[PDB]
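One structure below.
Just so you know, all these numbers are worked out from the coordinates, no wet-lab data involved. Positions of Cβ are backbone-derived with ideal geometry, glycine not excepted, and every protein chain shown enters the neighbour counts.
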Amino acid sequence: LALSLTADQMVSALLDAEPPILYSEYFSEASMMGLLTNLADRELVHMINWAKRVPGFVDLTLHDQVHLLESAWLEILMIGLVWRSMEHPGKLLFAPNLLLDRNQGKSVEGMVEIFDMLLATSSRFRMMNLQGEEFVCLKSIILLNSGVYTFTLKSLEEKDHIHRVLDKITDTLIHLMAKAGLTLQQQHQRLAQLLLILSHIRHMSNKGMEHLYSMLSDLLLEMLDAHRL
Amino acid sequence: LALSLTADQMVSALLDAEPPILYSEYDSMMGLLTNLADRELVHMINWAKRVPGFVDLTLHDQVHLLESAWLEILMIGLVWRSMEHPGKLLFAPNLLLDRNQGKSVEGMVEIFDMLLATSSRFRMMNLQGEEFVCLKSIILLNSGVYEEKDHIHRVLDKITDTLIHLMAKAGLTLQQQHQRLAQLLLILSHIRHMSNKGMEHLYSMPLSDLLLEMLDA
Ligand SMILES: O=C(c1ccc(OCCN2CCCCC2)cc1)c1c(-c2ccc(O)cc2)sc2cc(O)ccc12
Ligand SMILES: O=C(c1ccc(OCCN2CCCCC2)cc1)c1c(-c2ccc(O)cc2)sc2cc(O)ccc12
């Protein structure tokens, strides 16, 4: 199924799978982390629904689906954020009613360095004029890639399938860039520039997790392990 | 001004700049590993000066990039020379360690397993030497970037051009070329991850000044 999709059909499925932009509740420095936490927790629900619609993801065992989301969920939140913030220089659009600047990040101990890395990524996307079709491909790469090196004959089968699906998303990115008129050299170069940004998003996720710990497996299984009823 | 080399000249320069394999100074694991890494750093600086385009950056930026990249560079080198040693990491020719030795150091075995998994990934893609040296140069120029930045990106673009060249020269289709390029660059996010976890581990147990002093030999 997923391996038979054309590039156009991959783009469409990913665009359709997109989760909604959530809001914060209808503010002060003291309630800031509570609001961000509440937002991230509501976004996780929609993240599971989205991941189940990424072609190939539901072909995996539930254990492997849990592993991939457990590895990727914060990178996925962050790339969503930097995407939402791209048109808001110097600000992070956590939600439409929760647009924060650097100074508001100061107030939470540990956060401004991460806030600064997020802002620079959003500036980098803005410089590259990142398109929504490219965004959804990158977010799907993160889902399938971040946990794939921390996993039997079934496991061997699973990893091959993941890499085949990753290869299809690469084909899709290149097709988008060719459709946009880029020369072949420019296509390869832009693919590389986008994927190297994924290393920076990994970096920010690890710094973020350290920060979050200074202040999940079963929960993901519960949401992922639905009945058929 | 390194933007003028051809792909073959870029490969040849990278291959010729490769550092030597050092031995473990002995004749206490973490002390040995610490001693080795500190001696390898010197040779890493000499290597970096030969990466085309690097020296065209200010010293401040040269230092900044090395400070951000050095553990990732040590790790990918470790993974590369451990390929032919399944289940073991060849820290040095006289310092070949397996998991249970890694387990002896509280907080190491998880990253030890990640390193082992990376070397198995390299062995299973049949990573080539010309590819490896391109990947290390990318780590150097990319890890700390987030006119000077323009230049860094413009060298990074030159390395992507070179990778595609090597793959085309191997007979890969255009589709296979961009597929493998992507697989290689996604491995760099796992190398970043292992460096992040390694730094947390090492620190649970300034550098710029030391790097400056190394650039004076
Ligand atoms: O503030 C958060 C955040 C807060 C709490 C989180 O975890 C809450 C615990 N919960 C456990 C179950 C899984 C979901 C998270 C995660 C992110 C967000 C981010 C962050 C930024 C800097 C930093 O140092 C740390 C985090 S990035 C982000 C993007 C969002 O869409 C929502 C919240 C956020
Ligand atoms: O064990 C080390 C190691 C030990 C000490 C180090 O740093 C010592 C501090 N030193 C201060 C001056 C700057 C250079 C670092 C670095 C790596 C190596 C590694 C490691 C693996 C797992 C893990 O959890 C932590 C580290 S990987 C590696 C590759 C090498 O070529 C050499 C040492 C190593």
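General observations
- Partner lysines whose Cα lies under 21 Å from the Cα of A:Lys207, excluding those fewer than 8 positions away in the same chain, are identified as A:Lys91, A:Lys106, A:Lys139, B:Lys197.
- Qualifying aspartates and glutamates (Cα of each under 19 Å from Cα of B:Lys169; at least 8 residues distant if same chain): B:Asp8, B:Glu130, B:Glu131, B:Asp157, B:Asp161
- Pairwise label distance in nanometres, B:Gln128 with B:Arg99, each label 7 Å out on the Cα-Cβ vector: 3.4 nm
- Which of B:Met108, B:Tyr203, B:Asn142, positive extreme of dipole for the protein assembly as shown (C-beta unit charges): B:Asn142
- Local electrostatic count, B:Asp209, Cβ distance below 12 Å [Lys/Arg +1, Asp/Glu -1]: -3
- Grouping the Cα pair distances of chain A into 10 Å bins from zero gives a pair-distance distribution of 7, 31, 37, 20, 5, 0 percent in increasing distance order.
- If you take all other residues with their beta carbon under 12 Å from the beta carbon of A:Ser146, and give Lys and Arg +1 and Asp and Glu -1, the sum is +1.
- Three-way shape call for the stretch A:12-114 based on the alpha-carbon gyration tensor, with the a/c threshold at 1.5: prolate
- Charge dipole of the stretch A:1-154 (Cα centre as origin; +1 on each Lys and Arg Cβ, -1 on each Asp and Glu Cβ, all else neutral): 100 debye, rounded to the nearest 20.
- Using the rule -39500 (n - 2.57) for each DSSP H run of four or more residues, divided by the residues of chain B, the 222 nm mean residue ellipticity is -23500 deg cm²/dmol.
- Cα centroid separation, the stretch A:198-217 to the stretch B:44-62: 30 Å.
- Residue-wise HN-Hα coupling along the stretch A:76-82, computed from phi with Karplus coefficients 6.51, -1.76, 1.60 (Hz; x: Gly, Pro): 5, 3, 5, 5, x, 4, 5
- Sequence-distant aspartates and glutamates (8 or more away, or on other chains) whose Cα lies within less than 13 Å of B:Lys88: B:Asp98, B:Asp113
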